[PDB]
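For reference, the structure discussed in these notes is given below.
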Amino acid sequence: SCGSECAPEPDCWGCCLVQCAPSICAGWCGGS
């Protein structure tokens with residue numbers, strides 16, 4: 001459950017992990 005806004009980066013982790021879990025960021029960087 002996130003804004004899909006910390007998806008752009010080659011390392012989305014470095015945006016998503018401040019407000020979301022590794023489960024979420026795993027889906028935005030690579031995709032599971």
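Chains: A, B, ... in order of the structure tokens. Residues: from 1 per chain. Ligands: from 1, in order shown.
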
I need the residues of chain A that end up classed as alpha helix (DSSP H) by DSSP on the backbone, written out as number ranges by chain.
A: 13-16, 22-29

Save the residues we just selected, C-alpha atoms, as a CSV table (one decimal), in the first residue's frame?
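Heads up, here's the output in part34.csv:
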```csv
chain,number,residue,atom,x,y,z
A,13,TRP,CA,14.5,1.0,-2.4
A,14,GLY,CA,16.2,4.4,-1.8
A,15,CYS,CA,12.8,6.2,-1.8
A,16,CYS,CA,10.3,3.5,-0.9
A,22,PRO,CA,10.9,-4.3,1.3
A,23,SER,CA,7.8,-6.3,0.0
A,24,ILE,CA,6.5,-3.0,-1.7
A,25,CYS,CA,9.9,-1.8,-2.9
A,26,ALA,CA,10.7,-5.3,-4.3
A,27,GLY,CA,7.6,-4.8,-6.6
A,28,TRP,CA,8.7,-1.4,-7.8
A,29,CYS,CA,12.4,-2.0,-8.5
```
